[PDB]
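No lab work stands behind these numbers, since they all come straight from the coordinates. Cβ sites come from the backbone with ideal geometry, for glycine too, and all protein chains shown count toward neighbours.
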Number of protein chains: 2
Amino acid sequence: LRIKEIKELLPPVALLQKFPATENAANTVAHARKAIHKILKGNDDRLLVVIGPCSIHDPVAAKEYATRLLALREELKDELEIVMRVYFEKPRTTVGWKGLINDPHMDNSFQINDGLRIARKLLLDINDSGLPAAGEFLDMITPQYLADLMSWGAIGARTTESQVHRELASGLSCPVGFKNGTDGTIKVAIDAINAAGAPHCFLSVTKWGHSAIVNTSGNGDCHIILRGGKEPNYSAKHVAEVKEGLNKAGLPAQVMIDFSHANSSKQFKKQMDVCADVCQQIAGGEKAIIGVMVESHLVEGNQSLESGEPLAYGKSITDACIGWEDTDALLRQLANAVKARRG
Amino acid sequence: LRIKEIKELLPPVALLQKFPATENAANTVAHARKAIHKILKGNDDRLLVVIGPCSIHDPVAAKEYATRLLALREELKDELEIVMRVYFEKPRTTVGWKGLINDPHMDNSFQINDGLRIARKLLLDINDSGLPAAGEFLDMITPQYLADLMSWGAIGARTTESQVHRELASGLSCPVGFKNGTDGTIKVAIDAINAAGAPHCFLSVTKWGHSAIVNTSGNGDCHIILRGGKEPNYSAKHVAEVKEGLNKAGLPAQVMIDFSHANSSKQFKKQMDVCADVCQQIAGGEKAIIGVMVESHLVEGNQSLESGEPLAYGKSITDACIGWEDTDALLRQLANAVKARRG
Ligand SMILES: [Mn+2]
Ligand SMILES: [Mn+2]
């Protein structure tokens, strides 16, 4: 057998009971989801902005970032719907740290029970403060522990074509963005949107920690996310092709543009260049761009865990992010671009 | 919420108790896994042949097919290690029938409990007759109900890059083949092989139907499956590039070639053309080709569930397959090629 050991896992209900949603938290989620729904439906000209760390590895830095971002969210609420990237799960090209939930202590001790408690506690605090959260839905079992506190979700480039993730999206209570393939393929995301919009029947683990048969209604609040491929795909030229592709597929011609990952060629400072281009498109009247994604942290760059020496505070241990000063500038640029488009 | 209904699911132990593996079925699995391991280690010059229906939709036709295939398995055993495709799970491009387990009655009744009982009983019958089984591991929960009766597994083109599928493979007791991406991307499969070979810690459902924390050892019996992209990738030029790519990644230059799907341009009869070329490669001395995959049924072609017309017996309701006559001829061609390669 290739199973070394099997260990006890607290059921979702244990986490929901220990960390119940507060009225403020529930309101934050309900309002954010509705706001995003209105944008996708075309009943609001504001831009959805999913911004924050590539991954959460420290609740302290996470809450500090959340407090700073909440101020920006309030300041620019007329042009932007700001949602924090609160990513607890990370897909790896091969192997590596999978996130706070899988290995919170970042030492391969895999204390997942601790990870889930730490994650829900933080997610609860952030929502309670009035700031919506976004994250990648990678795992099929973790959703039950945190989905009630998520206002928007993403299906990664490496899983957009996966039927199991499309099934999951079809039953999520929040809007969902599907990233194009790592090679830049757009079709897998368009297909994912259509698939997730239909009802599905599949096996899933309930809040009681038991497997069961579930039937979903389908999720109409799904959209594509352009995150680049071999080459970036954020330009007006690419946006134009994607819009036609969506229409041809019978879908609304709308897109979210990720400024990071392949669109910045893995160079964090380049997110500022992507921003400039996207702002020009938006300011120029491009109504298709309904959202953007940015990897930002308190301090720019990133650091390695394999290094050894203590970790620098508020610095990413996964993908490099832009610092807070550039983050303030970028959010401002976007807000102004939205105003320009609005006229 | 987008969750319409939640229904009770029999736990794996219920199916294991109702349908225990017989001594002969257990032997079939044990011997097949060992034989494939020997081929993957370069200690056997025979060819692994995973052949059978695109999908199983009728136990009666499946068993008739199994008897016919078993006869050839015994007759050609000195050259081929024949394993029947007994696929109960199907990944769709968008939406569609997902296979016998998900909807055994093929009418959207999704009687999965019936599906699991029918599936395991069929696997038990086929294995007890001495014929090993192959299947795609798409779902994260169904493995516990059938894995003990699987001699080889596949991770589909649409899920090879998925971390959750790589995790699953890392803990499977049988050899696993990773298909290249739908766009022909080879790198995702090479990365998958390395990822699956390492130990993983993740959440999964136990045989008791409860979620838990699992630790895997890693699966060293993984290989790539060439199934085409925008263009077929079965020719010597492509095999050469893949052998080089595997070696560059520190892996043995071995490949399984799927004659169907993108390699036949989804035209079932071209599987015979792919066979002719692959046989020439094998007979010519290509040792890297350790296996092939072929979509075959009692009757050639396919049919749709959409018309409402009664289904023809022994004919695929998913991808088109070659019929029995062509199957017998193809298997003999492969056996002759392996004999020639040996000289
Ligand atoms: Mn990232
Ligand atoms: Mn097929």
Candidates B:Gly229, B:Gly250 - the one that is more than 16 Å from ligand 2 (Cβ to nearest atom) and not in a strand (DSSP E or B): B:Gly250
Number of positions in the range B:142-192 that are of a type in the set (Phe, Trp, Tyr) and either over 25 Å from B:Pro232 (Cα atoms) or in a helix (DSSP H, G or I) (or both): 1
So A:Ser162, is it farther than 30 Å from A:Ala71 by Cα, without any contact (Cβ under 8 Å) to a residue 12 or more places away in the chain, crowded, with 24+ Cβ neighbours inside 10 Å and not hydrophobic (A, V, I, L, M, F, W, C): yes
Candidate set from the range A:91-105 (those that are of a type in the set (D, E, K, R) and surrounded by fewer than 22 Cβ atoms within 10 Å (Cβ to Cβ)); member that is farthest from ligand 1 (Cβ to nearest atom): A:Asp103
Criterion: touching a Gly at 6+ places or on another chain (Cβ under 8 Å) and over 24 Å from B:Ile225 (Cα atoms) - qualifying residue of B:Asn102, B:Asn113: B:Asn102
Residue among A:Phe202, A:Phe268 that alone is within 14 Å of chain B (Cβ to nearest Cβ) and among the aromatic types (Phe, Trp, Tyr): A:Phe202
Top-ranked residue in the range A:229-260 [being touching a residue at least 60 places away in the same chain (Cβ under 8 Å) and either aliphatic (A, V, I, L, M) or touching a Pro at 6+ places or on another chain (Cβ under 6 Å) (or both); ranked as surrounded by the fewest Cβ atoms within 10 Å (Cβ to Cβ)]: A:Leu251
Top-ranked residue of the range A:269-288 - restricted to ones that are buried (at least 24 other Cβ atoms within 10 Å of the Cβ) and of a type outside the set (S, T, N, Q), ranked as farthest from A:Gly156 (Cα to Cα): A:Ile282
Residue count for the range B:279-318, restricted to those that are away from ligand 2 (no atom under 15 Å from the Cβ) and within 24 Å of B:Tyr87 (Cα to Cα): 15
Answer from B:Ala21, B:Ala30, B:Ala14 - the residue that is under 30 Å from A:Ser217 (Cβ atoms) and either assigned to a loop (DSSP other than H, G, I, E, B) or within 14 Å of chain A (Cβ to nearest Cβ) (or both): B:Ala14
Some residue of the range B:168-186 being without any contact (Cβ under 8 Å) to a residue 24 or more places away in the chain, within 27 Å of A:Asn108 (Cβ to Cβ) and within 7 Å of another protein chain (Cβ to nearest Cβ): no
Long-range neighbours under 9 Å by Cβ, at least six apart or interchain, first residue without any contact (Cβ under 8 Å) to a residue 24 or more places away in the chain within the range A:261-274, second crowded, with 22+ Cβ neighbours inside 10 Å and hydroxyl-bearing (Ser, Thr, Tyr): A:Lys270/A:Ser260; A:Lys270/A:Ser264; A:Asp273/A:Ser264
Criterion violated by B:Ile36 - all others in (1) touching an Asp or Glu at 6+ places or on another chain (Cβ under 8 Å); (2) assigned to a strand (DSSP E or B) satisfied: (2)
Matching residues, the range A:1-12, being surrounded by 13 or more Cβ atoms within 10 Å (Cβ to Cβ), out of contact with any helix residue (DSSP H, G or I) (no Cβ under 9 Å at 6 or more places or on another chain) and among the hydrophobic types (A, V, I, L, M, F, W, C): A:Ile3, A:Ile6
Every residue from the range A:97-126 that is under 20 Å from the mean Cα position of the chain (by Cα) and part of a loop (DSSP other than H, G, I, E, B): A:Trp97, A:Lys98, A:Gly99, A:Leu100, A:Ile101, A:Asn102, A:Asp103, A:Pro104
